[PDB]
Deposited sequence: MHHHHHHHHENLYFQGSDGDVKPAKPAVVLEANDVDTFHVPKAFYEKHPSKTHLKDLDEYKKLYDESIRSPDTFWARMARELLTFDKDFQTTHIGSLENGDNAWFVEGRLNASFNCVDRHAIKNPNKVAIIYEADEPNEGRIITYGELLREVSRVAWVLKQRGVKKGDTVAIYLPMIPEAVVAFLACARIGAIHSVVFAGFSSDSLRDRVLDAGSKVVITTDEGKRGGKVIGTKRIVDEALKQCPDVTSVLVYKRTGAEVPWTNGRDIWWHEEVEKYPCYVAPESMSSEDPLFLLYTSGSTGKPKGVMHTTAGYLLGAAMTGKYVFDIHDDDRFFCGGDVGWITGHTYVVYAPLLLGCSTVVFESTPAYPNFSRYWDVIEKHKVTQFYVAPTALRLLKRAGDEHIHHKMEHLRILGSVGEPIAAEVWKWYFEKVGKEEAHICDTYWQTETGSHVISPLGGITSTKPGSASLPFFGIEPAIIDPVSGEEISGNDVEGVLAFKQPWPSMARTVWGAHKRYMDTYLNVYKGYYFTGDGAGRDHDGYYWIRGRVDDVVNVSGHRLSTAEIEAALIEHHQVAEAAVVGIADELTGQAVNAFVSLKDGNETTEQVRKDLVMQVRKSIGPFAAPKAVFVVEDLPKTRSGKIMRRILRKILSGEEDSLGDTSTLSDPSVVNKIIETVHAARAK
């Protein structure tokens, strides 16, 4: 009984109403077909992933070799001779079948201020922005920084970069000017797409003013594409800044999509790591797109006429994979939500679902716990078409699971706790919608092409059998796996492939129970997740140490109901001219200037245990 977190927890089947209220049948017949297809995906993956790639993707030129490389050397290449384009698979091929089919369902910050975009309209707007970038010097292989909020213009900026072969480096709207500047210089981006101002939950985000303050140290940026979101008077540097609505009307509504290799870099997504500077994880085209289409088809049970809603932001891989690519690849409607879960009221999430007849909802448990405390007077909507409920970022608690199952799902929808990371590109351990039975707090079985292993951290040896515990690792590579860390492959190898040779190291502790289910126990390294943002404790410590009156700094993350994790900072202060309260206030703002407002610590305590600072003694006292 080594796995104590699985003691007495029971299996939860798919509700009988799921099958009764289903428009069609699910993609897999039963649980055995999963096992049959899963064992095929790990025994002979070369034949498996080849059949899947041609069913879900349409290539310019066919491929011959499914996979070469290994995890030992970090030289993985998938579908090496194939050629394709991301914009074609997301827009063009669906617009060819029927251009009047809905692609994007835009729900603006204020209710009843959105719009509905068809695949034909999406192809035109993507083609126009593609032309604007081409006429601004964007060539194949260049990087473009996307500093946009959750407006439909963000999805257009994604595929416009992919249509011409550019590499889009999306920066979460709300990072400080210093964070944006660093992500621009590291990727060498010469073009940046942004808005004049942002509108989230009634508050205004001065995006354009942040970009201006960031570009003061980014000289190589020569083009800024600004979209008029609020129309407020914003600083304008002429010759460099250009208005979206002005430049868009100059160029044709169609452009030919650049043929890309399977292993051409598709995008960069900068992810905070265990140490040093935030590193830009890279994903190629064919493998990543196949990962998104596969998980959408089998985890979320996405069909043609479905309406998909993911609460994640585009600044995160959740919005990358499941707001943009996975739904559009499969040809359904994706909901682009610009507001907060509690604006103007706590029923907003469900207001959108009922209005747009959403079939699949994807939320973080941190947002569920906040709405659960508010009261059940807000969730009185029928939400008749809600079929798959998804959680991400943390294991869903048994009490939160029941609320998600009864109030939202009406005891008729399948809850899927999906475990994955930015470097996985898509779900790796998750239940299959309408197939896999679940356990509250467990991520259920692994996905196709995911061979998980429990590793003894001290011994570095794999622990076989069930009812085992250790750290989580993958034995063989999968198509969606990240290919490198931009500008630092050595850092990529040491972080993910040199910890346990022949394995991919997730950086999480895990356990496997008697039934074979997996239980994610959280990060092993110095990494925390606050409000959906992945932060490094070492990075926050460096910002605090920069203060002239901070001798040393120590930051540790503990559990928190409001934001998943809470960053608590221990600081040592020399004598100074201003009091501790002023320094305490000045220490929080200093972190906001380096990283952002969300990186602000919950509390700072002027105090230092050492032998090497013991993080455990600092956490346990809290």
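In sequence order, the gaps in C-alpha coverage of the deposited chain fall at 1-26, 634-635, 640-642, 654-685.
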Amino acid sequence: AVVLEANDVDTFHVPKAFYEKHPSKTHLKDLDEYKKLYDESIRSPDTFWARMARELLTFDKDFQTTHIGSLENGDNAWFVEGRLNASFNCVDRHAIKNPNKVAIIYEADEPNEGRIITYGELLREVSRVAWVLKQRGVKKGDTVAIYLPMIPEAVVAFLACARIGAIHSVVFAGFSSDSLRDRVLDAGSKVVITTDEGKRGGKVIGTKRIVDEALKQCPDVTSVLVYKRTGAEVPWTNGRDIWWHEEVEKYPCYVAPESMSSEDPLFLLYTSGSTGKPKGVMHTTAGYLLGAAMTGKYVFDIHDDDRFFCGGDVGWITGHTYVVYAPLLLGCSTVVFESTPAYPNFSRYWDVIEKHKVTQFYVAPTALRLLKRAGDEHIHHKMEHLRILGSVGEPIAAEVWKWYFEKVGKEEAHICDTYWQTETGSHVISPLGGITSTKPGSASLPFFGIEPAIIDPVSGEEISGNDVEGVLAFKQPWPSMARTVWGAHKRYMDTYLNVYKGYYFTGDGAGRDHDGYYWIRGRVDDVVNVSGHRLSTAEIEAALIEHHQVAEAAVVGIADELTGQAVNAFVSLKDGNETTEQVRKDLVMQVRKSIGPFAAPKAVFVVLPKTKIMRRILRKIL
From here on, numbers count along this sequence of modelled residues.
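Checked against the record, the higher mean CA B factor of 270-278 and 144-152 lies with 270-278. Relative to its counterpart among 121-129 and 190-198, 190-198 has the higher mean temperature factor, C-alpha atoms as listed in the PDB entry. As recorded in the entry, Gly231 carries the highest CA temperature factor of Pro265, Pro257, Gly231, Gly425. Comparing the listed residues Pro446, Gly331, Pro219, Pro440, the entry records the largest Cα B-factor for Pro219.
Looking at the C-alpha B-factors along this chain, the one for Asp586 belongs to the highest third.
When all modelled residues of the chain are sorted by CA temperature factor, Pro452 is found within the middle third. When the modelled residues of the chain are ordered by their C-alpha B factor, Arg43 lands in the middle third.
Ranked by Cα temperature factor within the chain, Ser261 sits in the lowest third according to the deposited record. Ranked by Cα temperature factor within the chain, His168 sits in the lowest third according to the deposited record.
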